[PDB]
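Undergrad: Below is the structure I would like to discuss, written out as C-alpha cells.
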Amino acid sequence: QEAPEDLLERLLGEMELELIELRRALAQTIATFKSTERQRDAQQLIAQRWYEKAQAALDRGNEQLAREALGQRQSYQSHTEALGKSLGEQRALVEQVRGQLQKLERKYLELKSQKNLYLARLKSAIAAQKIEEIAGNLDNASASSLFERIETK
Amino acid sequence: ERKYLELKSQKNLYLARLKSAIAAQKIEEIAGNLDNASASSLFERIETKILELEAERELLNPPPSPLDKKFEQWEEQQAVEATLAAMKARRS
C-alpha cells in the first residue's frame, strides 16, 4: 500500500536482474552439449578413425589384427552409445528451457506492457480523481453556503 | 581418469542443471512477488479504494436517471424532429 507503483516499476525492473541470469545460465547449458557433441564428433570420428583401422587392416587376407581392431571400437562405441544417448535426452532440457525464456519475455513484456497500462489507468484514475478534489472543496454543498450565507448576511 | 573425468564431466552437468534449476527458479521469484494473488490485491484493492470516490460525486452529481435519460432521449428525438421540421419548411 506504501507507494506500490514505485515498487511496480522496480519489481519488474528487478526482473532484468534475474531474466538475464537465465540468458546466461541457459547459455551455460548448450556449449557443454555442443562441446560434448564435438567430443561425440571426436568420439564417432575416433570410431570412424578406428573404422579405417578396421577397414583396410583385413587386406592381404588377414583377420587377427582386424579381429581386435573393432574390439577397441566396441569400447568406444559403448562410450558413443552411452554418451550418444545422453545428447538425445539433453535436447529436451535445452528445448523446454528456451520456451520458458520465450514465454517469460513474452509474458514479462506483456506483464510490463500492462504494467504501464495499470499505471496508465492509475494516472487516469488520479486524473479522474484530482479533478473533483478542487471542485468539491470549492462547492459549498449548502452546508457552510459561504457564497450565499454571506450574501444572506 | 575415465570415471573421474566422467564424474567431473557430469559434475558441471549437475551444476549445469543446477544453474538451469536456479534459472528455472529465479524467474518466478519476482513474478510471484509482484503478483497479488488476490490476497492483498493492492493493484485492484487500491483501485476499488478509488472506486468509492467516483460514487461520491455520483451521490452529489445527479446521475442521469432513466427518466432523465428519457428526457434527453425524448428531447434528442424532439430536437431531431424539431430541427428537421425547420428544414423542410426552409426547402418550401
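Undergrad: Filter segment A:108-122 down to the residues that are charged (D, E, K, R) and in contact with a helix residue (DSSP H, G or I) (Cβ under 9 Å, 6 or more places away or on another chain), then identify the one that is farthest from the other protein chains (Cβ to nearest Cβ).
TA: A:112
Undergrad: Could you tell me whether residue B:88 is farther than 30 Å from residue A:114 by Cα, of a type in the set (D, E, K, R), surrounded by fewer than 12 Cβ atoms within 10 Å (Cβ to Cβ) and out of contact with any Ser or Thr (no Cβ under 9 Å at 6 or more places or on another chain)?
TA: In short, yes.
Undergrad: So, in segment B:7-28, how many residues would count as being at the interface with another protein chain (Cβ under 7 Å from one of its Cβ atoms) and either among the acidic types (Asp, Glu) or not in a helix (DSSP H, G or I) (or both)?
TA: The number of residues fulfilling the criteria is 0.
Undergrad: As an exercise: evaluate residue A:147 against (1) outside any helix (DSSP H, G or I); (2) surrounded by 12 or more Cβ atoms within 10 Å (Cβ to Cβ) and give the number of the one condition it does not meet.
TA: (2)
Undergrad: Of everything in segment A:88-107, what is over 19 Å from residue B:21 (Cα atoms) and away from chain B (no Cβ under 12 Å)? Give them in sequence order.
TA: The answer is A:88, A:106.
Undergrad: Any chance segment A:109-121 includes a residue that's assigned to a helix (DSSP H, G or I), more than 27 Å from the chain's Cα centre (by Cα) and closer than 25 Å to residue A:16 by Cα? Full working, then the answer.
TA: First, pick out the residues of segment A:109-121 that are assigned to a helix (DSSP H, G or I): A:109-121.
With the extra rule that they be more than 27 Å from the chain's Cα centre (by Cα), the set shrinks to A:120-121.
In the following step, the residues that additionally are closer than 25 Å to residue A:16 by Cα were identified as A:120-121.
Within segment A:109-121, one or more residues are assigned to a helix (DSSP H, G or I), more than 27 Å from the chain's Cα centre (by Cα) and closer than 25 Å to residue A:16 by Cα.
Undergrad: Residues of segment B:30-54 being more than 15 Å from the chain's Cα centre (by Cα) and loosely packed, with under 10 Cβ neighbours inside 10 Å, which ones?
TA: Of everything in segment B:30-54, those that are more than 15 Å from the chain's Cα centre (by Cα) and loosely packed, with under 10 Cβ neighbours inside 10 Å turn out to be B:32, B:39, B:52.
Undergrad: Across segment A:132-153, which residue is nearest to the chain's Cα centre (by Cα) among those that are hydrophobic (A, V, I, L, M, F, W, C) and within 9 Å of chain B (Cβ to nearest Cβ)?
TA: Filtering segment A:132-153 for residues that are hydrophobic (A, V, I, L, M, F, W, C) and within 9 Å of chain B (Cβ to nearest Cβ), the one nearest to the chain's Cα centre (by Cα) comes out as A:135.
Undergrad: Could you say which residue among A:114, A:100, A:129 is closer than 25 Å to residue A:8 by Cα, of a type in the set (S, T, N, Q) and touching a residue at least 24 places away in the same chain (Cβ under 8 Å)? Quick ask: steps written out before the conclusion?
TA: Numbers: A:114 fails: touching a residue at least 24 places away in the same chain (Cβ under 8 Å); A:129 fails: touching a residue at least 24 places away in the same chain (Cβ under 8 Å).
A:100 is the lone residue from the list that is closer than 25 Å to residue A:8 by Cα, of a type in the set (S, T, N, Q) and touching a residue at least 24 places away in the same chain (Cβ under 8 Å).
Conditions tested, residue by residue: (1) under 25 Å from residue A:90 (Cβ atoms); (2) at the interface with chain B (Cβ under 8 Å from one of its Cβ atoms); (3) of a type in the set (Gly, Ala, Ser); (4) part of a helix (DSSP H, G or I).
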residue: A:6; (1), (2), (3), (4): no, no, no, yes
residue: A:14; (1), (2), (3), (4): no, yes, no, yes
residue: A:19; (1), (2), (3), (4): yes, yes, no, yes
residue: A:27; (1), (2), (3), (4): yes, no, yes, yes
residue: A:30; (1), (2), (3), (4): yes, no, no, yes
residue: A:33; (1), (2), (3), (4): yes, no, no, yes
residue: A:43; (1), (2), (3), (4): yes, no, no, yes
residue: A:47; (1), (2), (3), (4): yes, no, yes, yes
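Undergrad: Continuing with the same structure: Is it true that some residue in segment A:58-65 is under 19 Å from residue A:34 (Cα atoms), surrounded by fewer than 12 Cβ atoms within 10 Å (Cβ to Cβ) and without any contact (Cβ under 8 Å) to a residue 24 or more places away in the chain?
TA: No, that holds for no residue.
Undergrad: Pick out the one residue from A:10, A:73 that is over 22 Å from residue B:24 (Cβ atoms), within 25 Å of the chain's Cα centre (by Cα) and part of a helix (DSSP H, G or I).
TA: Sole residue among the options that is over 22 Å from residue B:24 (Cβ atoms), within 25 Å of the chain's Cα centre (by Cα) and part of a helix (DSSP H, G or I): A:10.
So basically every Cβ, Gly included, is an ideal-geometry build from the backbone, and we count neighbours across all protein chains shown. Read-outs throughout are calculated quantities, based only on the coordinates presented, and are distinct from any laboratory measurement.
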